[PDB]
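Next up: the same protein chain in two forms, each one alone, written as structure tokens (structure 1, then structure 2).
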Structure 1
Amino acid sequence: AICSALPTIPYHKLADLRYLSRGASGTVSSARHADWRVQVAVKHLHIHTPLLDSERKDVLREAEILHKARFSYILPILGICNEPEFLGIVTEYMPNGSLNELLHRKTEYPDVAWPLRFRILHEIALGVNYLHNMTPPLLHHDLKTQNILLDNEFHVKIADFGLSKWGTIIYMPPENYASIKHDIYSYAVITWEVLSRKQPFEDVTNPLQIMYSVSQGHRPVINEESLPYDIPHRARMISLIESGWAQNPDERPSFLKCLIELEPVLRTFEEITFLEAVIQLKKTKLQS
């Protein structure tokens, strides 16, 4: 068959290395490739010497998986740095951060237009659906707003800042306190979070109260105050959320079924309204 090797990038080709304030502190950095002349991001362990050989294989495993899963809506890996001095994963740089920031930093982004929100939800489904259609199927099991990255034109790139795979319980289905019905549950909560710009279980301080409540069937509140009546396709989106976070995992739809129903919804938006939505947030961000 047709096989292709991932490039090995020398450490001294990464210029202007700077820490980034994301993921675990001291695990994500930005830089520039001296030859390709593009901005990049570098994911790495905490800095120490010597790097264990068991630690190197942990990084190569994540890199091999991200290499196998290359797709239009998945964070593109560019290569790996494997030397005695440094050990990291180099990917493309997403300039506009994560969906977490866009939703809840209401001063930098006072308004987020509906067409952009619906396209974001659409592209999130496209990336995960591609992961599930692989052989063997790839399961994320960590879908949250912090893992949804946005590129130069606010297109979705799905990523994973965690390191152990190779508050934070609000995206977990109740049966958790193999297993393909996990990601669609996280997606239902993200959909509610996008359409509301509110924190799920805002007034609940103790996480044990959250875990107990969702185990009894309680979900984030859906009323006029959380989801106003002027949301486009409000009735159809609520049916998707409620079926997405169903108590019984067998009653949750696949990401394919969601995409089939999302296609006619997104089609009712004019194509130009997407660009005008992106030009607006970048304009409001100019004066800040």
Structure 2
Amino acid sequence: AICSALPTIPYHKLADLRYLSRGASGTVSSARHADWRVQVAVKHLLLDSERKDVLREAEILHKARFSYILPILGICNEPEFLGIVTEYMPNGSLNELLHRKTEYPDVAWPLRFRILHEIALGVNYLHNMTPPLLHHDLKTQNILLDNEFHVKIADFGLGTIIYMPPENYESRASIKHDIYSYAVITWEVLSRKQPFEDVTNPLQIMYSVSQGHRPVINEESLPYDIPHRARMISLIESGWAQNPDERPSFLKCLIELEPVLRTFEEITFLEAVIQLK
């Protein structure tokens, strides 16, 4: 019986508003809060219904507060400006980390596994809310990284189709969507390759997928020296199975990952991160 209101932030309290990116849900800018003295992120798109969406997103971030979910700091709601304010993630997205190879030549295994564990922890948290909250748009672009490269998931429960399960083409009630996305992401994290790299059309991907084809698993995509290779391959293969019923819950997924994570000393995570600086 304990409630908490989301702070309202006066637009005039946000200084140095610089453009970061624009996307389907709005434009994201970095700023600083004049009173709290911290860097923040601001998201802004006004139609009669376009308002109910921004407010629903903010309500979602506020209810889904957890260690691996992007923390919301407050709603900026005035007659002039309408925006969401959250912590600022200084390390970008998992997509950048995996694919900017000149900037990041080495991403050590312990850090890759910690990221995979945290993405699962975050999604598992969502699924355990009452009522259950489904992500449905999980991708490397919205898995964000904080100052120590810990995961904060964003843009859930509200572009690219490589993370979308086949049954989702021709559904909104499916609890086996997220795990599908997760299998692809896992493949992507362990290989640092773009899923279906030889495809010149999104439709060609969607076609292959509907026919049961998946990102390639072989020695070139996943070298034999990858720690716990066999176990990860099983997890990936069951996660993206054509038949949703054969896909594991996140509970099962976490239970499989726990013994893998225990094999890594806490200092190896710190060393992996400092290597990136």
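Each form is matched to the other, and the largest set of C-alpha atoms that superpose within 1.5 Å is called the rigid core. FYI, numbering is relative to structure 1, first residue = 1.
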- Can you tell which of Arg234, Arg56, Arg32, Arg219 moves its Cα by 2 Å or more between the two structures, with the two forms laid on the rigid core? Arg56
- Item | Displaced residue check between the two structures: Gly23, CA, 2 Å or over, core reference | yes
- Task: Determine, in Å, the CA shift of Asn206 between the two structures after the rigid core is used for superposition.
- Result: 1.7
- Query: With both forms put on the same core, how far apart in Å are the CA positions of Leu87 between the two structures?
  - Reply: 0.4
